[PDB]
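First the structure, in the form of structure tokens, and then the observations on it.
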Amino acid sequence: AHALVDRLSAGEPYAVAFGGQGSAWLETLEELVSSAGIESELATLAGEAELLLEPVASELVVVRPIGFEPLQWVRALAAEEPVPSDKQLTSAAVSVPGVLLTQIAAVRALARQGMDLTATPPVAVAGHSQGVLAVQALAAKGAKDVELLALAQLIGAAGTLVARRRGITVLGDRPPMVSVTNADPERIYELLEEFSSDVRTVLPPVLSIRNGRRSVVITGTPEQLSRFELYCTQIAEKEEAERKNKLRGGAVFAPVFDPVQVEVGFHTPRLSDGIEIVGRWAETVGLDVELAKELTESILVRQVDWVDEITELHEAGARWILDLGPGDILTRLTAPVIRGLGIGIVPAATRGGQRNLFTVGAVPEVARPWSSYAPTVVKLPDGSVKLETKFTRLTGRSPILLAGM
Amino acid sequence: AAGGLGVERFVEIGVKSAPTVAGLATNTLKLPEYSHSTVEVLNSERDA
Amino acid sequence: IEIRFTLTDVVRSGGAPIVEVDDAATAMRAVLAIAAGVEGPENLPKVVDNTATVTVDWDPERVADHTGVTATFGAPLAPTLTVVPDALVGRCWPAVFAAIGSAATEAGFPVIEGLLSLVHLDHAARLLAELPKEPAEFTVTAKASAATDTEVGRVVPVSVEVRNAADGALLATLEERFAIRXXXXXXXXXXXXXXXXXXXXXXXXXXXXXXXXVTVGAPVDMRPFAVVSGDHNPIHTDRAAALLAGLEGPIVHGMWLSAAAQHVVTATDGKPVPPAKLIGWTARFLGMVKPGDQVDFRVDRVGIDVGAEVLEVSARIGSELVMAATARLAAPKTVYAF
């Protein structure tokens, strides 16, 4: 008896969200296996992973051997001794498929208890970065499940072959993925355009993710990103001399800059040679569906305008959003984005938020629709008009006062 | 910058004349060169 | 691919109930020939005659795979070059092996060589003052300088010349010496004796300087390096062949280690600028290495040759010495002002 699903059926609508790369997936996958009492799905998913690689008529010569049997690494990690380094596990080749498996296993978990109820109905299914993959075949029939993992195996593979990290330095530390805070999307692109003016077409930084109002993410070659890092520092310091003059228009900006743990540039032209190869990799497999070409471009080259997409499905008035992504990523990214517009969001595979899911009474978490506190008009016995607010209601007077002077 | 920015070593020779144009370089390495580069300022007198 | 063998029994001699076919050596060769070359590369030299490598092209993804196969971060290491001099060994590998047997081996040797008994002694890359670069094509020549036998077995030093196709000049010289343990000869005789050195005209002497304390993991499986290098030897892969050869296990490629310790010397004393700095490297394999191995390397600064610093490297897994390495490195580039 799941109230939300029961709500979902008669009452308020729902939307599925899938997280992308940079989710710290392995520790979630390790826990998900340990927290799993049902191995039934993992039997077929492991076999089809073995199968689908063999018939491949696509090039895929380098990829298949560097691919690893998922069942072995898990059982090893369950003996508590074996596991490769985080640097090896975070590489797109083995990471991208593993992230989807964590998400797919996250789908099954809820589907175990309540399936008759916990079956299909979202309004829409949306995804982030490589998360758009697992979105597609979840909306398709169940035989398409590995096709995600199959395409993910292909996505991270070509992306790795085409472009991979050639250097890293403890300071910052410097990745292909960079994030700046507090600064306008226009201002960030300005400094971006200011710096990109000085560099060749081969290594420009570009805006990848716009996470919110003043929070963005710019990406490119780690070295060139480190150069953009220099200009923002100089401006920060020159504006410091401004702030200490005690002037507001003449005040320093207080942004927050710091890199990310992501190993390789995504949504950049540096992955452009990867699209083609990936496309052929799908058609040489039984993966044929017409969106394999569109997903790749969205993931590899085309940027992700995120806030606007999940908001669009949100402005459709769908009250609920779940995220089956590893750890939980994009569940909390979306929350202050929407905040008080009526949306509320439970991380999926999180025990606290799942406690809501499985009960009749603990379910209805619905974040406050600010319009709920919107002022109203009041009449009185002598017939005075009163503008109603949380202030007026208490005091019984107009919501205006002459402050102590 | 056009030929690559990798590690450079700046050495001044002439013994006791070495601290000068190095100190000239040092302060210059600071103000325009704030880009955080690995650079070594060496003097024949001091740094032998 | 299948390997066949044959036995013969004469029980008149009870202590020798089994005596097995003398065609074994020639029979073993035909098996290796099918697997190794598959008649894919073909030139037909006798051991003395030059072994030619037709044409070789270096893709940017072959740069990445090798630099990604061996990586160093925790020590502030930043690999930079178009082609690491270690990448030379991948080009010259399939040609060198062809010289391991011959009529000159038929004359003075029994031609008894277990391939499982093959032991790599030393590997070195000497530069002609040219360094490898981007897309320009390479063509390699391999020659056997000598064929020697030792108290511990048969040794075949192999000289290798790497040339840029488009330009048509010799860029580098690669040196390999292999040890088969069962043979004796009148060709070249050595008891304990072999020697090699990296030497230069103008030299300066220095004092021992500790540079870096290195921590290097060995790969989980040896197949990834086997694919890139072109070394298909079942010793490093198949456990049945490794056990048959009387080995501790699926031994890590000594060649992977060679690029492993090098990549550190490349980035550490070499600093963020390795490419024009290391003009040569030599590597000696002291002991065998199993996968999943935590190995500690230490490079020191010893002396100076031709304005290039010499750097000595020692390797230890626990108490055991593993690799002895030495490299010629140019100093961090200097700009002078008067």
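Numbering starts fresh at 1 for the residues of each chain in the structure tokens, the chains themselves are lettered A, B, ... in the order given, and ligands are numbered from 1 as they appear.
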* Excluding same-chain residues fewer than 4 positions from stretch 30-41 of chain B, what lies within 9 Å of it counting only C-alpha atoms, as number ranges by chain? -> A: 226-227, 229-231, 234; B: 5-12, 22-23, 25-26, 47
* To do: List every residue of chain B that DSSP, applied to the backbone, labels as helix (DSSP H, G or I), and write the result as a list in words.
  =>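 Filtering chain B down to helix (DSSP H, G or I) leaves residues 15, 16, 17, 18, 19, 20, 21, 22, 23, 24, 25, 26, 27, 28, 29 and 30 of chain B.
For the atom pair formed by atom CA of residue C:218 and atom CA of residue C:294, the distance is 6.7 Å, given to one decimal.
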* To do: For residue A:214, list every protein, DNA or RNA residue within 8 Å, evaluated using only C-alpha atoms, and leave out those in the same chain fewer than 6 positions away; present the list as an MDAnalysis selection string.
  => chainID A and resid 181:185
* To do: Fewer than 4 positions away in the same chain doesn't count, so skip those; otherwise give me all residues within 7 Å of stretch 123-131 of chain C, counting only C-alpha atoms, as number ranges by chain.
  => C: 171-177, 279-284
* Give the residues of chain C that lie within 8 Å of chain A; count only C-alpha atoms, and format the answer as a PyMOL selection string. => chain C and resi 61+64-65+67-68+73-74+76-80+220+223-224
May I have the selected residues written with N, CA and C atoms, as a compact mmCIF listing (two decimals), in the first residue's frame?
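Okay, part-v9.txt is ready:
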# COMPACT_ATOMS: atom_id res chain seq x y z
N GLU C 61 45.28 8.39 -30.44
CA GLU C 61 44.65 7.48 -29.50
C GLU C 61 45.62 6.41 -29.02
N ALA C 64 47.32 8.18 -26.17
CA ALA C 64 46.50 8.20 -24.97
C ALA C 64 46.52 6.85 -24.24
N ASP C 65 46.27 5.78 -24.98
CA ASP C 65 46.21 4.44 -24.40
C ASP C 65 47.47 4.08 -23.62
N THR C 67 49.85 6.28 -22.44
CA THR C 67 49.99 7.23 -21.34
C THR C 67 48.94 6.98 -20.27
N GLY C 68 47.84 6.34 -20.65
CA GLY C 68 46.79 5.99 -19.71
C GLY C 68 47.03 4.64 -19.06
N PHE C 73 50.11 10.33 -10.55
CA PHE C 73 49.49 11.58 -10.09
C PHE C 73 49.93 12.05 -8.70
N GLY C 74 49.74 11.20 -7.69
CA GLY C 74 49.99 11.55 -6.30
C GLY C 74 51.30 12.28 -6.08
N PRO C 76 53.53 14.90 -7.92
CA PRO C 76 53.01 15.90 -8.85
C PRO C 76 53.57 15.73 -10.26
N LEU C 77 53.05 14.72 -10.95
CA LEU C 77 53.59 14.30 -12.24
C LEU C 77 52.68 14.64 -13.42
N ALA C 78 53.24 15.30 -14.43
CA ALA C 78 52.49 15.72 -15.60
C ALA C 78 53.17 15.31 -16.91
N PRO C 79 52.80 14.14 -17.45
CA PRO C 79 53.39 13.64 -18.69
C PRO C 79 53.09 14.54 -19.89
N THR C 80 54.14 14.95 -20.60
CA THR C 80 53.98 15.74 -21.82
C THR C 80 54.99 15.33 -22.89
N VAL C 220 45.83 -5.11 -12.99
CA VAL C 220 45.09 -6.27 -12.54
C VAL C 220 45.32 -7.45 -13.48
N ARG C 223 46.70 -8.66 -20.01
CA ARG C 223 46.14 -8.60 -21.36
C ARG C 223 46.04 -7.20 -21.98
N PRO C 224 45.67 -6.16 -21.20
CA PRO C 224 45.65 -4.81 -21.77
C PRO C 224 46.97 -4.38 -22.41
* **Contacts of residue C:250 at 7 Å (only C-alpha atoms; same-chain gap of 3+ positions) as a PyMOL selection string** => chain C and resi 235-239+242+290
Export C-alpha atoms of the chosen residues as a PDB file, in the first residue's frame?
ATOM      1  CA  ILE C 235      53.156 -16.672 -19.765  1.00  0.00           C
ATOM      2  CA  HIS C 236      51.650 -13.300 -18.846  1.00  0.00           C
ATOM      3  CA  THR C 237      48.083 -14.314 -19.715  1.00  0.00           C
ATOM      4  CA  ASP C 238      47.231 -18.024 -19.576  1.00  0.00           C
ATOM      5  CA  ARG C 239      47.731 -19.549 -16.129  1.00  0.00           C
ATOM      6  CA  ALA C 242      52.709 -19.808 -16.589  1.00  0.00           C
ATOM      7  CA  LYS C 290      52.956 -10.534 -10.117  1.00  0.00           C
TER       8      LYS C 290
END
* **Atom-to-atom span, atom CA of residue C:200 and atom CA of residue C:145, Å** =>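 Pair atom CA of residue C:200 / atom CA of residue C:145 returns 21.8 Å.
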* To do: Determine, counting only C-alpha atoms, which protein, DNA and RNA residues have an atom within 6 Å of an atom of residue C:102; residues of the same chain fewer than 2 positions away are not included. Present the result as a list in words.
  =>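 Surrounding residues, per the criterion: residues 47, 104 and 105 of chain C.
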* Those of stretch 64-197 of chain A in DSSP strand (DSSP E or B), formatted as a list in words ->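 Restricting stretch 64-197 of chain A to strand (DSSP E or B) produces residues 124, 125, 126, 127, 177, 178, 179, 180 and 181 of chain A.
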Writer output for current selection, C-alpha atoms, as a compact mmCIF listing (two decimals), in the first residue's frame:
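Final output, out_11.txt:
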# COMPACT_ATOMS: atom_id res chain seq x y z
CA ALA A 124 7.40 12.31 -18.23
CA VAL A 125 10.85 10.80 -17.80
CA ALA A 126 13.84 13.16 -17.84
CA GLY A 127 17.59 12.73 -17.46
CA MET A 177 35.07 20.11 -15.57
CA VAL A 178 34.96 23.52 -13.85
CA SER A 179 32.28 25.33 -11.83
CA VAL A 180 31.84 28.99 -10.86
CA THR A 181 29.32 30.34 -8.34
Using only C-alpha atoms, determine which residues lie at most 10 Å from residue A:189, disregarding the query and same-chain residues fewer than 6 positions distant; provide the list as a PDB file with C-alpha atoms, in the first residue's frame.
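Once everything was written out, this is around_37.pdb:
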ATOM      1  CA  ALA A 183      28.309  34.987 -11.194  1.00  0.00           C
ATOM      2  CA  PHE A 195      39.758  34.064 -22.529  1.00  0.00           C
ATOM      3  CA  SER A 196      38.635  32.073 -25.573  1.00  0.00           C
ATOM      4  CA  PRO A 205      36.333  26.254 -22.821  1.00  0.00           C
ATOM      5  CA  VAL A 206      32.529  26.382 -23.112  1.00  0.00           C
ATOM      6  CA  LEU A 207      29.454  26.538 -20.890  1.00  0.00           C
ATOM      7  CA  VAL A 216      27.121  27.594 -13.753  1.00  0.00           C
ATOM      8  CA  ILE A 218      32.187  25.650 -17.723  1.00  0.00           C
TER       9      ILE A 218
END
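Among the candidates A:78, A:199, A:405, A:343, the one nearest to chain B when counting only C-alpha atoms is A:199.
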* Between A:365, A:223, A:297, A:382, single out the one closest to chain B, counting only C-alpha atoms. =>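 Nearest candidate to chain B out of A:365, A:223, A:297, A:382: A:223.
Those residues of chain C that fall within 12 Å of chain B when using only C-alpha atoms read residues 78, 79, 80, 81, 267, 269, 270, 271, 272, 273, 274, 275, 276, 277, 331, 332, 333, 334, 335, 336, 337 and 338 of chain C.
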* To do: Could you check how far atom CA of residue A:225 sits from atom CA of residue A:252, in Å to one decimal?
  => 22.7 Å
* **Nearest to residue C:253 by atom-to-atom distance, counting only C-alpha atoms, from C:201, C:96, C:285, C:268** =>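 Answer, going by the shortest atom-to-atom distance: C:285.
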